[PDB]
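K.L.:
Can you keep this structure in mind? I'll have questions shortly.
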Amino acid sequence: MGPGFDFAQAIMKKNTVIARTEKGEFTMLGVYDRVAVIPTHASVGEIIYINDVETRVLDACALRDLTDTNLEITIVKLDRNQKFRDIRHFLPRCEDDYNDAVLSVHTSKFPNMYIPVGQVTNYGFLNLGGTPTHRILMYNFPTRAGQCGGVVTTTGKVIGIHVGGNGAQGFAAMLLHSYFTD
């Protein structure tokens, strides 16, 4: 409807796949080459389904900060025959607050879903399903089961992936450029 949705749509159409694990279907953001991200609670194993294709996982890493605190981001390298468009130049370098964010989801359950979530707070610490977690972004939208892995964007920036909610607020794990240096 506006340039927020325009940027979000451009990311969804070229840089997302449907990831299925034993824990369900997730929006999965491709970042560059065969490297993608997914919430750590997806429990990625040796094999994952990508758009319903059986795919070997060549490497997977559950990120933690240098306090050895969960970040709830898993970086996955896929044995896929095709590279993602490189979107690393759209990742923020530092922890920040944002205005006017969109949360975008693409699964069997929620195809082509775009949610204007508004103002995003650098929340920091969250007890997420009982796990102490750092670098959490918060937005005032009642997000639901099925939106995990959803991409959080502003005009010009890919800032996070949806990892939980409490019925009134939603929570995303930050994406930082430094996670994807090669």
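Be aware that the sequence shown starts at -19, since it is given in our numbering, and climbs by one per residue.
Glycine included, each C-beta is placed from N, C-alpha and C at the ideal position.
1. Start and end of the alpha helix (DSSP H) containing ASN146?
2. Residues in the same chain with beta-carbon distance under 7 Å from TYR78, minus the five sequence neighbours each way, listed in chain order, please.
3. Whose C-alpha, out of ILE30, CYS41 and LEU9, is nearest the C-alpha of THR20?
4. With H, G and I counted as helix, E and B as strand and the rest as coil, what does DSSP make of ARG68?
5. Anyone know if the C-beta pair for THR87 and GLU5 falls short of 8 Å?
6. How about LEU71 and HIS157: are their beta carbons less than 8 Å apart?
7. So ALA(-12) is in the beta strand (DSSP E); what residue range does that whole segment cover?
8. Sort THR47, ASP13 and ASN102 by Cα distance to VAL56 and report the nearest one.
9. Would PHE160 and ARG65 be called neighbours here (beta carbons separated by less than 8 Å)?
10. At the level of alpha carbons, what is the spacing between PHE151 and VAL143?
11. State the Cα-Cα distance for the pair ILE(-9) and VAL(-3), rounded to the nearest angstrom.
12. Please report the straight-line C-alpha distance between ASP80 and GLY(-16), rounded to a whole angstrom.
13. Looking only at DSSP bridge pairs, what is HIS142 linked to?
14. Based on the DSSP output, what are the partners of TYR159 in its beta bridges?
P.N.:
On the basis of the data shown:
1. For the purposes of this step, residue 146 is identified with residue 166 of the sequence shown, where counting begins at 1. Note, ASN146: premise wrong, no alpha helix (DSSP H); not H, not E.
2. By 1-based counting over the sequence shown, the position of residue 78 is 98. Correct list, in chain order: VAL100, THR134 and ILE139.
3. As a position in the sequence shown, residue 20 is number 40, starting the count at 1. Considering only alpha carbons, the answer is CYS41.
4. The count along the sequence shown starts at 1 and reaches residue 68 at position 88. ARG68: helix per DSSP, three-state reduction.
5. Reading the sequence shown from its first residue, position 107 is the one you call residue 87. Reading the sequence shown from its first residue, position 25 is the one you call residue 5. Yes, the Cβ-Cβ distance between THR87 and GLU5 is below 8 Å.
6. Numbered from its first residue, the sequence shown carries residue 71 at position 91. Numbered from its first residue, the sequence shown carries residue 157 at position 177. Yes, they are a contact pair.
7. As a working mapping, residue -12 is identified with position 8 in the sequence shown. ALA(-12) -> not in any beta strand (DSSP E); alpha helix (DSSP H) instead, spanning -17 to -5.
8. Here residue 56 refers to the residue found at position 76 of the sequence shown. Ranking the options by Cα distance to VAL56, first place goes to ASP13.
9. For the purposes of this step, residue 160 is taken as the residue at position 180 of the sequence shown. For the purposes of this step, residue 65 is taken as the residue at position 85 of the sequence shown. Cβ atoms of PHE160 and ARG65: not closer than 8 Å.
10. Along the sequence shown, read from residue 1 onward, the residue named residue 151 stands at position 171. Along the sequence shown, read from residue 1 onward, the residue named residue 143 stands at position 163. Their backbone Cα atoms lie some 6 Å apart in a straight line.
11. Working through the sequence shown from its first residue, we reach residue -9 at position 11. Working through the sequence shown from its first residue, we reach residue -3 at position 17. The straight-line gap from Cα to Cα measures roughly 11 Å.
12. Locating residue 80 in the sequence shown gives position 100, where the first residue counts as 1. Locating residue -16 in the sequence shown gives position 4, where the first residue counts as 1. Going from the Cα of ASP80 to the Cα of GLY(-16) covers about 8 Å.
13. Looking up residue 142 in the sequence shown gives position 162. DSSP output for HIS142 lists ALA152 as bridge partner(s).
14. As a first step, residue 159 is located in the sequence shown; it is residue number 179 there, counting from the start. DSSP, once it has assigned bridges, lists no residue as partnering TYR159.
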